[PDB]
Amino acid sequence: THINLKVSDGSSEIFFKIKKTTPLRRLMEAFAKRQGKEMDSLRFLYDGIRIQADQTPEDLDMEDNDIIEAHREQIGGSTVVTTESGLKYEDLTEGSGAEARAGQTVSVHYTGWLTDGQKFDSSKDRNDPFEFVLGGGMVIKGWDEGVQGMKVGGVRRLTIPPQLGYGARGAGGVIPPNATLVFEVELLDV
């Protein structure tokens, strides 16, 4: 009578247990509430087809552990860019404010995950924005490279290979050796 559905947004994988005759609205609304966003502003896909809120898992022949894609990026879709260094970035929200340039002291919120989807840190969890000198060589290389070109109000997803992160050493008993890091960075100020 109930089903578990995996919702993947490109950063994490969250699961939802829902009755097969409950409209997907419930899942979509619970997902959106986590992101601080209105449900209608997000796009959910199952088997490549747009989910409508009034559809039930029964309607769509869903089964236990089926995957739903949650699209949080701009209407029209997005592209993930791999740069010369092997850093990947994806602009989820394009900023409209000042552009971040090397040499500025910038202020951000961030969340970091491992590729398995476990969360290792968030500035949100400390209610403490994070400030750093962009291009200063004091943060990991993927950050110095990846935050450049963001605009204030922007949300950018960085996928950082370990040579641009913590390499073979890892960090703080929470980042393992040779791990890719996934950050969402929201630019607050420059």
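Counting begins at 1, following the sequence as shown.
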| query | finding |
| --- | --- |
| Selected stretch [higher average CA B-factor]: 156-164 or 119-127 | 119-127 |
| Residue range whose averaged C-alpha B-factor is higher in the record, 69-77 or 91-99 | 91-99 |
| Criterion, highest CA B-factor; candidates, 173, 23, 177, 10 | 173 |
| Residue 144 - which third its CA temperature factor falls in, relative to the rest of the chain | lowest |
| Cα B factor band for residue 186 (lowest, middle or highest third within the chain) | middle |
| CA B-factor placement of residue 106, once the chain's modelled residues are sorted into thirds | highest |
| Assigned third (lowest, middle, highest) for the C-alpha B factor of residue 30 | lowest |
| Chain-relative CA temperature factor third for residue 138 | highest |
